[PDB]
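Undergrad: Whatever this is, show me its structure:
(6 chains, ligands or ions: 2)
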Amino acid sequence: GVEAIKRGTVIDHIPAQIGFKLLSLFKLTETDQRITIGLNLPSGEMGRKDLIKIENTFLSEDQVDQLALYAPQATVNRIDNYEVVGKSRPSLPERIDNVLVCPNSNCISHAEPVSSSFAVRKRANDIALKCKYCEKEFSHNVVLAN
Amino acid sequence: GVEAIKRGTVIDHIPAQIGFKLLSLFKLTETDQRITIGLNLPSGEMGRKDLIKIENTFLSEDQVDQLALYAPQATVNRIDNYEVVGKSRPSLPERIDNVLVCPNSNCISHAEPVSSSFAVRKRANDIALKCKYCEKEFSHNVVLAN
Amino acid sequence: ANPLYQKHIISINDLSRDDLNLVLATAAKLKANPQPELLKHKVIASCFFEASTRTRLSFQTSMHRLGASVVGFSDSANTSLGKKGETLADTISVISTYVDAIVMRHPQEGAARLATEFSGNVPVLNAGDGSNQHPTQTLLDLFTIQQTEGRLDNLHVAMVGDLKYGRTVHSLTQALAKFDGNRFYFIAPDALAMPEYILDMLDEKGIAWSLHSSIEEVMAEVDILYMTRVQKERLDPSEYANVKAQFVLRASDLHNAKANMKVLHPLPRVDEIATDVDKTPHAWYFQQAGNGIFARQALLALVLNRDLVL
Amino acid sequence: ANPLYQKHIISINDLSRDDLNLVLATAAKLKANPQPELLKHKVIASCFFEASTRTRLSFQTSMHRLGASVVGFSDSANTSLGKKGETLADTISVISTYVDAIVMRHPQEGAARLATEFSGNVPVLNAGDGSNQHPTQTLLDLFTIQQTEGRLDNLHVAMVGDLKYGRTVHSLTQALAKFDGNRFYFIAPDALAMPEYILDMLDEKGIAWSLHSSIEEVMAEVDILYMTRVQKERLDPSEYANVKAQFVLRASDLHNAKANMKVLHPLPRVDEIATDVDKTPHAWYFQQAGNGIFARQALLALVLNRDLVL
Amino acid sequence: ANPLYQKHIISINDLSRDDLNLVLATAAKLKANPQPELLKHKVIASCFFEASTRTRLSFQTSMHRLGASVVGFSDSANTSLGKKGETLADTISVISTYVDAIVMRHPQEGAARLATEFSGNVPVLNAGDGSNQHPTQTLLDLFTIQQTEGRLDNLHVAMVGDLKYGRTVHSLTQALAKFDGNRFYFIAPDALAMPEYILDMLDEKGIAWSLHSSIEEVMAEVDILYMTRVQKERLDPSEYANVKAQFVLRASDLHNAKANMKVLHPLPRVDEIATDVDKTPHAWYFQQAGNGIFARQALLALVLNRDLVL
Amino acid sequence: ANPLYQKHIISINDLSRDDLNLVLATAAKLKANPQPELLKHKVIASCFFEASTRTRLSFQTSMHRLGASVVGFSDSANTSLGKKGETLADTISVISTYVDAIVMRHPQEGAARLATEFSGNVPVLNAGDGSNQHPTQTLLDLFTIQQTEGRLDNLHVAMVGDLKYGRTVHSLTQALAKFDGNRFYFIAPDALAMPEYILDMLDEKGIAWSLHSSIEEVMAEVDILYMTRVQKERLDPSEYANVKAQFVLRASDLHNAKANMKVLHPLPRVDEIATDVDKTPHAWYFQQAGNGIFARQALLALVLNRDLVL
Ligand SMILES: [Zn+2]
Ligand SMILES: [Zn+2]
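TA: Residues are numbered from 1 along each chain as shown, chains lettered A, B, ... in the order given. Ligands and ions are numbered 1, 2, ... in the order given. Sharing the structure here:
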């Protein structure tokens, strides 16, 4: 582990080989405040974890849920003046935006200045992501792969 | 700070907004070794920097010089026991493979299973980078503009 | 302001049984009494990027039957600025600056809904987007079911042919699965069988379906025989040309048919309904084709008129 | 009989500041108050031998917005009698026997003026002839300058892109060089620099111009940023893809821009104005595209109506 | 005289285990000790009515490596060929007048066996006739398996990809079904599955086969892994893409593979064998393609030479 | 072993003054004393992905004059080639399995050097790869200048035409810049001018060059006059045509020319060398084209033969 910041978010127990993806996908990095990332630590169970701390930033509410497909057992801590004023895990959002790519290639998504939007359904088993545009449904495996 | 390792490499003095870029390009993160990245660190001593530390990992020669188009003023330093066993600064290499993309849209590099290679020639007021394949020379500004 | 006014009409899936019904009701009305000037001084885009006979001439004739003016195009080869850099987004941006409504057929799924994000408050009407939606077809298929059968509840409807890639047989099931008492006989090549999702949906609402292998296997139960176009290209020549007596219809077959039964086809056809089916009283696809006008009229009337007090 | 009645509208170069102004005035009027039946019972030819989106759908929508009927074609592949022996002369001879006005886009320079000698007293309207003229575009570019800026005198206008082959950036200079106090910043590749003749003309009237190399070099002086389309094909791939930061616009650039500044583009675009420029309040090309309708309306109103007492 | 001297080679179903052996035998001799003037003074037509340049470059190279002259064409695009009323029968009747052997590839089934009716004493080698045969490909594949595996009896061969439309997997299963103790693993989506006629055949000749869900369950066991081009266009865009996992091979997967195991592909390979596989000792599809020279050579040598001494 | 044995030949920039000499040397020997069975038993693929029949007819003739077999294609029109997912890398990997040398011309830059990564031990000769290299043309031009001028040092060479896009003038200026005392005269419109990278290079290696306005000021001085195809389509119709005088060569002009002077053109020649020039002792562009056989021969001989004895 690594210790204390004040007034910032700390997302702990990211899987391992996932913490960077969250830094990339969710563009958390494009900030002015100190970010610190521990990759391949321990300090809280299941052996492997990355950890990310972004000071003076708070990932208000649907931004935490957007982590659920990648770090569903992550814990997101709201810190103020060296203490955890709150902790929430991610929950499955009704819709995942901007980061996925439609598996179907005759989909209009692929050529246009539109962001992706996938509605989400079924939980902690298969999850089917349906496209905003072509309306086809896919297993999250397929969407979260090639 | 982001500092006390008993062994490894510490890329100090990375210009701000570049450490993430560096972890992306050079693929520093795909490893199951402890990495501590510090971004937008105080760094008054040199403006505002980033800092990356990988334990039990030593970037040799070729690698530090590959950082030269990105963070030309950074400081690699190795650690073999709990103290700074060496110092290194990026020197502009003769060639830069794998990372840059060719500006030429009719260059074959664009759809084939091949890695880009550019040769480096610091000429006059920039570096010119000639592509392996199409043999066209472009200023690093164009190449990096992407 | 009626419940469809200035609405976009992209997917059947976005319309309620309530809306579906107001569309059929209006169609019926307009069919009984022509209102030649309802849409006077409106200008409507026909944008067929993929080009197409009955849906294009059907909608343009609807626009004329109601008074509107049409500007437009057809394509698949070329005609005007759009293939590189003129994005559909940019094309809709500029055309929604010109007309009062856009009807568009396009090859790529999702195109009319993308259009919806660039047309300001100009509604767009999906004339088909890829293999996805064609809600307009469906509205005339339901008006021809309601009009020959009197209802849209408690019917025995068979789907025959390519039930796998068929854009229309998918939406038509979606829609009929919004009214009570419908039983669905599915007579496709198993190679071209109904997708699982549609059957999963159908299982949810407790709706009865079943696979079948001869049209003759059910040609005594059925009120609607929906006939779809197989496309040669997908199957092997020796594959398609096989299968005992095929999935085609010949008048002979119609011999034990209920009197009220109607054979429907979304059109075009090539071998699947023999010419002899045509002079039988069950034959109803050119009629259905005709009903495209009033159903089409109904939609342009409702999207573009605050309340139709017809 | 207004000063443009039954006139042909072939070159900007044949119109006075006086005429240009009556066109803009009328546009403005029609824009404030629709006259849906002004051109009732007129039939207008759309002849696009070279075919084209916004100018074609813009003019046909104008004809409809005013009451006229359209007959016509688009081409570049084929469609009807004309490639051998059917001379444009013979085609105009016969079409001016049918309609009340011809609007034509053609690939060869001089085509609308040649048309003028075969249309009897049916006016012809140049929708673009080769690399030469496109006076209609220009009229909406000046209506969008007058409409966003309040005047057409004493402006700082930059032309960016291909200032060499650009048909529109040529005419637009021609026209603006008929009003006082305009300064012209020219930001092209030197390879694609403004022709000498246009600069010689500009030197004659004591009008101030200057070459520039960054849009950022003047993006603090300018009221109009006219953005033109470079065409890949002309330049070498490694030639175009070079040049430091290119001649494209990104929203970042707009950071020191005057509030009143507007970015205009004749359309189509491909990379030159990034999508982020779009949600900025400076972005005005889809608007300009829209203004094509009223400007277009204005011209058909004036050419075909003895006096418009609007 | 040799058993294949002057024999037409049209289908694998026509050749015997012995014929097969003799051709694989000679392929080996010629690969070891070249015979560059064996077929000096012979001219072979290489008639590719349908263009398919790897089979063709292979065959003409083979013909040149034995001393022969080649005449022919590469149509599909078109020459003065395949049209207006000239039949294949009158075409084959004329070229057989010219050449010593006809190598021909045709778009339609049955064409080389039709060629055979009109070719007089000139032998016809089938280089593919629609979805039906391609013996010469099966032959190189058998020599590749025999060279890498030392045997054509008693092997574990997995068949992956579209086994429905795979004319290559279908002949290799029937060729291999002539030798003994071979176990077949079919790994296709249920949609692109190995036909019943094949499976009948197998069960009838007493051979062990099993359908499997992943390359993965088979890998430990396999000797030959024959990949196949999935026709992306033979499934829905969303259907190809949607699997769960997929049917693509990457180097990782091969970690459990036997030292003797090879990956074989008829090529073009596009999505289905990841380029990291190429660096593996297992990847062998280029070397397979290469064996196309020796098996093809072999053929022409046995068909054109009475008593080949080697 | 010879310095070019088994070397790929991709760019002039890769060859040395010595390599150049050795190739021009051998061209001369072979032109004098033919070697018709030198390359007996070799097969060379001649892969023209882009069709360009004079370079191709030359190369295949050369291959035949040394005893070799040729296999290949002439695509651009199309065969089963260059498309649907087959990469050039998997294409080169298969043909290198077949042939002894790959001669290839490709539409895109860098392709022959990419070919080189996948061709194993098989040598790749570049017959042009987009706007980048064409060594084999530069080589015949150098042997033509060496044969007519007796020397490759110390000459007065004028370069006329489009020097901007001239991939031929660019390599001959870099090849010639390896020998000494050469003076270059560039005579282009300022629009189709000799690039700065070239000029840098020259000034850097200490060489005298000057831009001139007319062929006319140079004529008295010149040794080689190398004409170039102006791409009429790389300028405006009115821009090509408008000069004052032009950049076309007619016999009249040659009256002041030296007895040793030759006019050289890579061909196609269309507007730029008047046919009366052909009757002149100076015209030498057909004879140049002819030297294409010997320089090209030379190449294959040195690349494929260890110790060539002559
Ligand atoms: Zn989609
Ligand atoms: Zn390149």
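Undergrad: what about the longest helix in the chain?
TA: You didn't pick a chain, so chain A it is. helix A:19-25 (DSSP state H).
Undergrad: I was thinking of chain C, sorry if that wasn't clear
TA: Chain C, longest helix under DSSP H: helix C:285-304.
Undergrad: what helices or strands is that helix leaning on?
TA: Judged by 3 or more CB pairs under 8 Å, 6 or more residues apart in numbering or on different chains; DSSP states H and E, helix C:285-304 is in contact with helix C:17-32, helix C:53-65, strand C:101-106, strand C:124-129, helix C:135-149, strand C:262-264. For every residue, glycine as well, the C-beta is placed using N, CA and C.
Undergrad: Where do the strands of chain A begin and end?
TA: For chain A, applying DSSP state E gives strands covering A:8-14, A:35-41, A:49-55, A:75-80, A:83-88, A:95-97, A:117-121, A:128-131, A:137-139.
Undergrad: Find the nearest non-adjacent residue to the closest residue to ligand 1 within chain C, please.
TA: Taking CB to the ion as the measure, chain C has residue C:110 as its residue closest to ligand 1, at 5.7 Å. Setting aside the residues directly before and after it, residue C:110 is nearest to residue A:133 in space (CB to CB, 6 or more residues apart in numbering or on different chains), at 2.7 Å.
Undergrad: do residue A:87 as well
TA: Once flanking residues are discounted, residue A:87 sits nearest to residue A:77: 5.1 Å by CB to CB, 6+ apart.
Undergrad: same question, residue C:41
TA: Closest residue to residue C:41 apart from its sequence neighbours, by CB to CB, 6+ apart: residue D:36 at 5.0 Å.
Undergrad: So what's the residue count around whichever residue of chain A sits closest to chain F?
TA: Proximity of chain A to chain F (CB to the nearest CB) peaks at residue A:105, 12.8 Å away. A count of neighbours around residue A:105, defined by other CB atoms under 10 Å in any protein chain shown, yields 16.
Undergrad: Next: residue C:83.
TA: Residues near residue C:83, counting by other CB under 10 Å, number 8.
Undergrad: What distance do you get for the residue nearest to residue A:87 to residue B:40?
TA: The gap separating residue A:77 from residue B:40 is 20 Å, by CB to CB, to the nearest Å.
Undergrad: Settle it for me: which of the two has more neighbours?
TA: Each of residue A:77 and residue B:40 has its neighbours counted (other CB under 10 Å); residue B:40 has more, 21 against 17.
Undergrad: ok, the more buried one touching residue B:15?
TA: No. At 10.7 Å, residue B:40 does not count as touching residue B:15 under the criterion of CB atoms under 8 Å.
Undergrad: Tell me the secondary structure of residue C:2, please.
TA: Under DSSP: H, G, I helix; E, B strand; the rest coil, the three-state class of residue C:2 is coil.
Undergrad: Now do the same contact list for it.
TA: Residues near residue C:2 by CB atoms under 8 Å, 6 or more residues apart in numbering or on different chains: C:22, C:302, C:305, C:306, C:307, C:308.
Undergrad: next one: residue C:31
TA: By CB under 8 Å, 6+ apart, the contact list for residue C:31 reads residue C:294.
Undergrad: what does chain A have sitting close to chain D?
TA: Proximity of chain A to chain D (CB under 8 Å from any CB of the partner chain) is limited to residues residue A:113.
Undergrad: per-domain residue ranges of chain A.
TA: Split into domains by curated CATH domains, chain A comes to A:1-93, A:94-146.
Undergrad: from the middle of its chain, how far away would the shortest one be?
TA: Relative to its chain's centre, domain A:94-146 lies at 16 Å (CA atoms, centre = their mean, to the nearest Å).
Undergrad: That domain and ligand 1, are they touching?
TA: Yes. Using CB under 5 Å from the ion, domain A:94-146 reaches ligand 1 at A:102, A:104, A:107, A:109, A:131, A:133, A:134.
Undergrad: Now for residue B:40 and residue B:15: what residues contact both?
TA: Listed as contacting both residue B:40 and residue B:15 by CB under 8 Å, 6+ apart are B:49, B:50.
Undergrad: Closest to the centroid, which residue in chain C?
TA: Nearest to the mean C-alpha position of chain C, counting by CA atoms, centre = their mean, stands residue C:137 at 1.6 Å.
Undergrad: Report the contact partners of the spatially closest residue to that residue that is not a sequence neighbour.
TA: Nearest residue to residue C:137 in three dimensions, chain neighbours excluded: residue C:168, at 5.4 Å (CB to CB, 6+ apart). Neighbour list for residue C:168: C:134, C:137, C:138, C:141, C:228, C:266 [criterion: CB under 8 Å, 6+ apart].
Undergrad: Okay then, goodbye and thanks.
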